[PDB]
C-alpha cells in the first residue's frame, strides 16, 4: 500500500487512534484522582503543558478529561505559581531522552504540591538518557523522528492530525540553513 501524506513514509498513529487511547488514559486518571476530591475553582487538577507543541495534545486531553469528570487548570512552560498543595499533572507531546520532563518534575517539587504525575502522548522508551517512566502513556513509537499532532520539524507539520514518520528526504533537503 501507499502513504497518505506525500511528506511522510508512513502513518504511525491516526487522530482516531490517539483519541481512542486518550479516553482509556482519561478513564484511569479519573479513577486515580477520584479520591482527591477534585472540583473546579476549589481544587482543580493543575495541568502543566511542557514544550510548545503540546498545545494540541493539551487542548484535546483536558476536554476528554472533562468528559470523565476531571476538572483541570492549565499552565504553559513553552507556571510555578499557586501549585503548592495542589495536584499536578504534567503534559508533554513526546518523550525520549526524558531530560525535559526530569528537570520540570524536580522543579515543581520545590513548590511542594500535593502530588505530581506525568502524561505523555508519544513515548520513545528506547531514547532514554536517564531512567524515567511516565505514569500515563498514550502511545509508543520506536526510535524514529515523527511529526504531527503538535510535533514539528522546524516549526512545521504541527497541524497534521496524525503522528507520522517524516520523510528523510524532507529534513535533508530543508538542510539549507547555511
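Take the two forms, superpose them, and find the largest set of C-alpha atoms that agree within 1.5 Å; that set is the rigid core. Numbering follows the first chain given and starts at 1.
Superposing the other copies on the rigid core and comparing 163 to 171 to 15 to 23, farther C-alpha placement in 8 other deposited structures of this protein marks 163 to 171.
In none of the other PDB entries of this protein that model the residues around it does residue 85 lack coordinates, well short of a third. The modelled chain breaks between residue 177 and residue 178, where 1 to 3 residues of the deposited sequence lack coordinates. Per the record, residue 84 and residue 85 are directly connected, as no deposited residue between them is missing from the model. 50 to 58 and 108 to 116 differ in mean CA B-factor, and the higher of the two is recorded for 108 to 116. In this entry, 168 to 176 shows the higher mean Cα temperature factor of the pair 168 to 176 and 4 to 12. Across the options 98, 94, 80, 91, the residue with the most elevated CA B-factor in the record is 80.
The residue among 151, 137, 130, 65 whose C-alpha carries the highest B-factor in the deposited model is 130. In the deposited entry, the Cα temperature factor of residue 32 sits in the top third of values across the chain's modelled residues.
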